[PDB]
Structure formats: C-alpha cells, structure tokens
Amino acid sequence: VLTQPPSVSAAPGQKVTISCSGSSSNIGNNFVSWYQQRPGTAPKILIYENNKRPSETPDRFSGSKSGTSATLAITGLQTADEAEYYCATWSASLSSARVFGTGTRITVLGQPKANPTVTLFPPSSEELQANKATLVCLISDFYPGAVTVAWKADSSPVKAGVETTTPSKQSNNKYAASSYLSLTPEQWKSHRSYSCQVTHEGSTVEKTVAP
Amino acid sequence: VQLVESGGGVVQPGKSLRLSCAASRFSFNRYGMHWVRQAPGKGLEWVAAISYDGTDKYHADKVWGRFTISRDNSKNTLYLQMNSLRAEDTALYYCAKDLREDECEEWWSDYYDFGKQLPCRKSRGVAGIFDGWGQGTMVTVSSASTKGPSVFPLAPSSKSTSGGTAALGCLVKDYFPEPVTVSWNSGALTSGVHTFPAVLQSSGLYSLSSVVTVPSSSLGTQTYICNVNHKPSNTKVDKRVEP
C-alpha cells in the first residue's frame with residue numbers, strides 16, 4: 001500500500017512536492033527510495049534511503065520522510081522534470097509489500113488546470129441479453145493529463161473487473177481517457193446504484209447510474 | 001551500467017518462458033539482481049530478486065512457485081524461469097541492479113559437495129534498491145486471435161442530456177487485432193464526434209467506444225447510425241442508436 005497522487009503540477013520555476021503514504025507494514029519501519037520514469041524509457045534512480053542523492057541527480061531534487069509517509073521535493077520546475085515518479089519500499093527480509101507507488105505525473109503548466117467532464121453509460125439491453133454487463137466511463141477535456149478512476153457499488157469500493165486506459169492527448173491539446181467496468185447482470189440489478197468517481201488535481205467529479 | 005533483457009514474445013496461458021539479462025560494465029557477481037515488470041501503462045511491480053552468490057532468492061506471492069529466479073556468475077547473465085503463464089503476467093519485464101556491493105562475512109567450516117568450495121553462512125544481504133535498469137523485454141500472454149467486434153448502442157437519455165444537447169454513442173467490444181474505423185451516418189455527421197482510444201483488456205482483446213453530442217430536439221426526427229469497420233475480420237456493421 002503506497003498510495004500516491006496521480007497528478008502534480010505548477011508554473012515554471014516553482015517548487016513542488018510529491019507525497020507517498022501507506023501503512024506501518026511498509027515504512028512504519030524501513031527505508032523509502034524514489035525513481036523517475038520518463039516517457040518512452042526505463043526508470044532511473046533518483047533518491048534512495050529517504051534522502052540520498054546520486055551524482056547525476058540534480059540538486060533540485062530532495063527527499064524527506066515522516067511516520068508512514070514519504071515526500072519528494074522538486075524546485076525550479078522545468079520541462080526536464082516532466083515524467084512519472086515512483087516511490088518504493090523493499091522491506092523484503094521479512095514481509096511483502098515490497099511494493100512501488102501509484103504513482104505521480106509531473107507537469108509544467110502551460111494553461112490553467114482543467115478538471116475532467118465525465119459521462120457514464122449503463123449496460124445496454126442488447127448486452128444484458130447476451131448475459132454481459134459493461135459500464136462505460138468517458139473522461140474528457142482535462143489538463144494536466146493524469147486522473148484517478150474509482151468505481152463504486154452503493155458505497156463499496158470495487159476493484160475487480162475494471163479496465164482503464166492511459167490518458168491520450170486530444171486535438172485541443174487537452175487529454176481524454178475511458179474506464180470500463182465489467183459486471184454480471186445479477187450484480188448489476190442487485191445493487192441500487194453504480195458510480196464512477198474521477199479524481200484530478202485534488203478535485204473530484206462523480207457520475208452515477210442504476211437500472 | 002549496461003543491462004539487456006531478452007527472451008520475450010507471444011505465448012498462450014499455461015505455457016512457459018525463459019527470460020535472460022546480459023549484464024556488463026560492473027562487477028556482476030558482487031551485486032544482487034532484481035526482476036520487475038510494468039504493464040502498459042500501469043505502475044511498477046516487483047517480481048523477484050536474487051543475492052550475489054545466488055543462495056538467497058525472493059519471489060512475490062503473485063508469482064510464487066510459478067516463477068523462479070536464477071543467475072550464472074560465470075557468464076554474467078541473470079535468468080527468470082516463467083512457468084504456467086497467465087494473462088495477468090502480460091507486461092514489460094525489466095532487470096535491475098542492486099545498489100549494495102555484497103560480501104561474505106562468515107563462512108561455513110566444511111567443503112561442498114564435491115567441488116571443494118566453502119559456502120558463505122552470513123552476508124550483508126540485498127538492500128534492496130534498484131540502481132541501474134535495462135531497456136526491458138516485452139511479454140504477452142493471451143490466447144487471443146483475429147476476432148470481430150460486438151457493437152452495442154449507447155442510447156441517449158435524461159442522464160445523457162444537458163442544456164438541450166444529448167450524448168449518444170456505440171460500444172465496440174472485444175475485437176482483435178487493431179484497428180477499427182468508426183464513423184457516423186456514413187460520414188455525414190462529423191461535428192461533435194469523439195472516438196476514444198481503445199483499451200487493451202487482460203484477455204488481450206481490445207474495446208473502444210465512440211460518442212457524439214447532438215441537439216436533443218433532433219431525437220425522434222433525426223436518425224443516428226454508427227458505421228463500424230474492422231477489416232481484419234472483414235466485418236462491416238452499421239448500428240442504429242435509438243432512445
């Protein structure tokens with residue numbers, strides 16, 4: 001369990017922080033390291049053992065830690081920092097996790113933040129007679145391109161049967177994405193509602209449907 | 001640090017596969033080695049790890065007793081034997097170097113067996129943090145072949161209407177391979193059209209959906225048809241979407 005914000009952004013040259021929270025089983029008693037995965041390439045080591053900097057890690061990067069939460073800090077935000085950042089914890093000699101973060105996408109803002117417009121379609125009657133149920137969440141016109149999709153039955157979180165795409169760049173230089181929830185007709189008509197919750201830059205949009 | 005993964009490809013569930021990693025420009029036999037995977041495009045997932053001498057091994061629970069890690073210090077190569085593959089294992093597999101330069105601090109007091117060498121009793125151990133990374137080798141696991149899409153309508157309704165405009169679309173589900181063309185009313189309807197990129201499901205089959213926004217006043221008088229074409233399966237469908 002290393003929950004970590006999907007999106008972090010700021011104007012050029014501004015300071016930024018990334019959080020990395022979990023339980024006590026991972027960093028309640030261990031060490032945390034950070035990694036930078038840039039688009040179209042493999043991850044690099046950024047920071048290891050809470051706050052140690054390699055030679056070719058710019059001094060703008062710095063790590064911190066407290067309780068069951070780690071924190072990476074970036075100063076003078078620039079294009080070279082646009083990438084995917086993961087925190088990691090290898091307390092392996094005993095237990096697992098053993099796990100990486102979520103993690104976070106850094107973005108230098110070229111325009112104001114745009115929260116996503118969400119539309120949720122229920123299963124078609126044509127599909128239900130084929131003994132199949134599929135809800136469709138359509139996420140569009142958001143910036144920066146990174147969202148968190150959480151599906152709900154009543155209020156229970158469901159994680160089984162979810163398929164979510166990675167964000168894609170629209171023609172208007174914004175982003176889009178879609179999430180599919182596979183279901184059985186029983187489960188569909190059993191619960192009084194199903195919801196599609198999208199979090200983005202601290203804000204959240206929610207849509208719901210029912211039989 | 002140079003690391004080169006190899007031995008990935010397409011295989012059906014239940015079959016096996018042997019990955020290799022060629023290490024160079026560092027004292028390979030002094031460092032532990034890690035295998036980690038990354039599905040396109042989710043987060044990182046640690047798979048396995050092995051100590052510098054290969055006596056201590058580690059495996060995640062998802063892969064336990066199904067995957068097995070090994071190494072050959074003689075040839076500076078790392079291996080990962082993957083048996084009984086599943087579609088859940090579909091990912092890009094990286095090998096990674098461990099930061100810690102390990103050493104033997106305590107030996108046993110008898111040779112083995114034969115070969116006349118002394119096994120190490122106690123070591124510093126794996127750190128275990130991933131210093132260097134390779135480019136990764138891609139592994140696909142699915143019994144998915146050519147297959148035509150099932151097209152279901154995404155009907156308009158109160159929940160899809162706002163400000164006089166209504167949203168309606170089509171769901172193109174479970175097809176392989178890529179791509180599919182989706183248009184509306186034989187190309188007459190272009191304004192307000194938005195075709196989202198497909199999702200690659202665990203089954204190895206693709207699914208997408210095309211949605212269009214229209215005046216809700218046009219419903220009942222204007223007909224809307226989504227024209228799907230998947231040339232590989234030679235399927236051409238024109239599904240009429242209605243309330």
# chains A, B, ... in the order shown; residues from 1 in each chain; ligands from 1
call {"tool": "closest_atom_pairs", "arguments": {"of": "chain B", "to": "chain A", "cutoff": "8 Å", "atoms": "only C-alpha atoms", "output": "CSV"}}
result
residue,atom,partner,partner_atom,distance
B:41,CA,A:166,CA,6.4
B:43,CA,A:102,CA,5.8
B:44,CA,A:100,CA,5.9
B:45,CA,A:100,CA,6.5
B:46,CA,A:99,CA,6.5
B:60,CA,A:96,CA,7.6
B:127,CA,A:90,CA,7.6
B:128,CA,A:90,CA,5.8
B:129,CA,A:90,CA,7.0
B:130,CA,A:45,CA,6.9
B:131,CA,A:45,CA,5.6
B:132,CA,A:44,CA,6.9
B:133,CA,A:42,CA,6.6
B:134,CA,A:42,CA,6.8
B:135,CA,A:42,CA,5.8
B:136,CA,A:42,CA,7.6
B:152,CA,A:126,CA,6.5
B:153,CA,A:124,CA,6.6
B:154,CA,A:124,CA,6.6
B:155,CA,A:124,CA,7.6
B:160,CA,A:119,CA,7.3
B:196,CA,A:177,CA,7.0
B:197,CA,A:168,CA,7.5
B:198,CA,A:165,CA,7.6
B:199,CA,A:165,CA,5.5
B:200,CA,A:165,CA,7.9
B:201,CA,A:163,CA,6.5
call {"tool": "write_last_selection", "arguments": {"atoms": "C-alpha atoms", "output": "PDB file, in the first residue's frame"}}
result
ATOM      1  CA  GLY B  41       0.706   1.543 -18.864  1.00  0.00           C
ATOM      2  CA  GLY B  43       2.662   1.178 -12.274  1.00  0.00           C
ATOM      3  CA  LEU B  44       5.762  -0.821 -11.385  1.00  0.00           C
ATOM      4  CA  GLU B  45       5.525  -4.318  -9.910  1.00  0.00           C
ATOM      5  CA  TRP B  46       8.422  -6.098  -8.201  1.00  0.00           C
ATOM      6  CA  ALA B  60       6.388 -12.114  -4.868  1.00  0.00           C
ATOM      7  CA  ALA B 127      19.442  -3.693   0.226  1.00  0.00           C
ATOM      8  CA  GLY B 128      17.296  -3.833  -1.826  1.00  0.00           C
ATOM      9  CA  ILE B 129      17.161  -0.724  -4.016  1.00  0.00           C
ATOM     10  CA  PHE B 130      17.371  -0.633  -7.797  1.00  0.00           C
ATOM     11  CA  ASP B 131      20.376   1.319  -9.078  1.00  0.00           C
ATOM     12  CA  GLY B 132      20.633   0.514 -12.791  1.00  0.00           C
ATOM     13  CA  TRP B 133      17.846  -0.527 -15.161  1.00  0.00           C
ATOM     14  CA  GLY B 134      17.676  -2.249 -18.542  1.00  0.00           C
ATOM     15  CA  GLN B 135      15.506  -1.396 -21.545  1.00  0.00           C
ATOM     16  CA  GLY B 136      13.180  -4.301 -20.764  1.00  0.00           C
ATOM     17  CA  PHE B 152     -23.790  -2.322 -28.670  1.00  0.00           C
ATOM     18  CA  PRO B 153     -25.624   1.034 -28.699  1.00  0.00           C
ATOM     19  CA  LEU B 154     -25.107   3.696 -26.028  1.00  0.00           C
ATOM     20  CA  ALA B 155     -28.625   5.126 -26.056  1.00  0.00           C
ATOM     21  CA  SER B 160     -27.003  11.930 -21.103  1.00  0.00           C
ATOM     22  CA  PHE B 196     -11.828   7.421 -27.635  1.00  0.00           C
ATOM     23  CA  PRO B 197      -8.679   5.278 -27.918  1.00  0.00           C
ATOM     24  CA  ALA B 198      -9.240   1.569 -27.291  1.00  0.00           C
ATOM     25  CA  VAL B 199      -8.420  -0.228 -24.044  1.00  0.00           C
ATOM     26  CA  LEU B 200      -6.335  -3.406 -24.109  1.00  0.00           C
ATOM     27  CA  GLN B 201      -8.062  -5.778 -21.704  1.00  0.00           C
TER      28      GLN B 201
END
call {"tool": "residues_around", "arguments": {"residues": "range 104-114 of chain B", "least_positions_apart": "3", "cutoff": "10 Å", "atoms": "only C-alpha atoms", "output": "PDB file with N, CA, C and O atoms, in the first residue's frame"}}
result
ATOM      1  N   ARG B  30      29.071  -9.371  -7.573  1.00  0.00           N
ATOM      2  CA  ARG B  30      29.144  -8.715  -6.268  1.00  0.00           C
ATOM      3  C   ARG B  30      27.804  -8.113  -5.864  1.00  0.00           C
ATOM      4  O   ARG B  30      27.616  -7.723  -4.711  1.00  0.00           O
ATOM      5  N   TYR B  52      23.979 -11.994  -4.546  1.00  0.00           N
ATOM      6  CA  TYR B  52      25.176 -12.001  -5.383  1.00  0.00           C
ATOM      7  C   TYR B  52      25.696 -13.409  -5.682  1.00  0.00           C
ATOM      8  O   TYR B  52      26.179 -13.667  -6.785  1.00  0.00           O
ATOM      9  N   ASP B  53      25.593 -14.315  -4.713  1.00  0.00           N
ATOM     10  CA  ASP B  53      26.087 -15.681  -4.893  1.00  0.00           C
ATOM     11  C   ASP B  53      24.985 -16.636  -5.355  1.00  0.00           C
ATOM     12  O   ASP B  53      25.269 -17.737  -5.826  1.00  0.00           O
ATOM     13  N   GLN B 117      34.652 -26.197  -2.215  1.00  0.00           N
ATOM     14  CA  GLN B 117      34.490 -24.764  -2.010  1.00  0.00           C
ATOM     15  C   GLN B 117      33.825 -24.552  -0.651  1.00  0.00           C
ATOM     16  O   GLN B 117      33.283 -25.495  -0.086  1.00  0.00           O
ATOM     17  N   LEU B 118      33.877 -23.334  -0.120  1.00  0.00           N
ATOM     18  CA  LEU B 118      33.218 -23.030   1.154  1.00  0.00           C
ATOM     19  C   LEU B 118      31.992 -22.140   0.969  1.00  0.00           C
ATOM     20  O   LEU B 118      32.122 -20.999   0.527  1.00  0.00           O
ATOM     21  N   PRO B 119      30.797 -22.649   1.321  1.00  0.00           N
ATOM     22  CA  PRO B 119      29.613 -21.784   1.266  1.00  0.00           C
ATOM     23  C   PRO B 119      29.626 -20.709   2.346  1.00  0.00           C
ATOM     24  O   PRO B 119      30.079 -20.952   3.466  1.00  0.00           O
ATOM     25  N   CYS B 120      29.134 -19.526   1.996  1.00  0.00           N
ATOM     26  CA  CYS B 120      29.021 -18.429   2.945  1.00  0.00           C
ATOM     27  C   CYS B 120      27.838 -18.664   3.877  1.00  0.00           C
ATOM     28  O   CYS B 120      26.762 -19.065   3.434  1.00  0.00           O
ATOM     29  N   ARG B 121      28.045 -18.422   5.169  1.00  0.00           N
ATOM     30  CA  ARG B 121      26.990 -18.602   6.160  1.00  0.00           C
ATOM     31  C   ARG B 121      26.187 -17.320   6.350  1.00  0.00           C
ATOM     32  O   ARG B 121      24.957 -17.348   6.372  1.00  0.00           O
ATOM     33  N   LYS B 122      26.894 -16.201   6.483  1.00  0.00           N
ATOM     34  CA  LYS B 122      26.265 -14.911   6.760  1.00  0.00           C
ATOM     35  C   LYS B 122      26.786 -13.830   5.818  1.00  0.00           C
ATOM     36  O   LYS B 122      27.982 -13.768   5.533  1.00  0.00           O
ATOM     37  N   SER B 123      25.879 -12.979   5.346  1.00  0.00           N
ATOM     38  CA  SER B 123      26.218 -11.919   4.400  1.00  0.00           C
ATOM     39  C   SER B 123      25.566 -10.598   4.794  1.00  0.00           C
ATOM     40  O   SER B 123      24.762 -10.547   5.726  1.00  0.00           O
ATOM     41  N   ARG B 124      25.919  -9.527   4.086  1.00  0.00           N
ATOM     42  CA  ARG B 124      25.293  -8.227   4.302  1.00  0.00           C
ATOM     43  C   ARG B 124      23.847  -8.271   3.828  1.00  0.00           C
ATOM     44  O   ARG B 124      22.952  -7.722   4.472  1.00  0.00           O
ATOM     45  N   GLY B 125      23.633  -8.923   2.689  1.00  0.00           N
ATOM     46  CA  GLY B 125      22.301  -9.111   2.143  1.00  0.00           C
ATOM     47  C   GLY B 125      21.929  -8.076   1.099  1.00  0.00           C
ATOM     48  O   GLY B 125      22.672  -7.127   0.854  1.00  0.00           O
TER      49      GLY B 125
END
call {"tool": "closest_residue", "arguments": {"among": "B:17, B:205, B:170, B:3", "to": "residue 145 in chain B", "atoms": "only C-alpha atoms"}}
result
B:205
call {"tool": "atom_distance", "arguments": {"atom1": "CA of residue 78 in chain B", "atom2": "CA of residue 58 in chain B"}}
result
13.9 Å
call {"tool": "select_by_dssp", "arguments": {"residues": "range 23-167 of chain A", "states": "helix (DSSP H, G or I)", "output": "list in words"}}
result
residues 79, 80, 81, 125, 126, 127 and 128 of chain A
call {"tool": "write_last_selection", "arguments": {"atoms": "N, CA and C atoms", "output": "tab-separated table (two decimals), in the first residue's frame"}}
result
chain	number	residue	atom	x	y	z
A	79	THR	N	10.72	21.63	-17.91
A	79	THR	CA	10.34	20.60	-18.87
A	79	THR	C	11.07	19.27	-18.64
A	80	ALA	N	12.32	19.36	-18.21
A	80	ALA	CA	13.14	18.17	-17.99
A	80	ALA	C	12.59	17.29	-16.87
A	81	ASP	N	11.69	17.84	-16.06
A	81	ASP	CA	11.13	17.13	-14.92
A	81	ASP	C	9.82	16.43	-15.26
A	125	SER	N	-29.45	-2.93	-23.11
A	125	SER	CA	-30.33	-4.08	-23.00
A	125	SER	C	-29.90	-5.17	-23.99
A	126	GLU	N	-29.26	-4.75	-25.07
A	126	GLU	CA	-28.74	-5.67	-26.07
A	126	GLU	C	-27.63	-6.54	-25.49
A	127	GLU	N	-26.84	-5.95	-24.60
A	127	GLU	CA	-25.71	-6.65	-23.99
A	127	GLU	C	-26.17	-7.56	-22.87
A	128	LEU	N	-27.19	-7.13	-22.14
A	128	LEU	CA	-27.67	-7.88	-20.98
A	128	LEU	C	-28.34	-9.19	-21.38
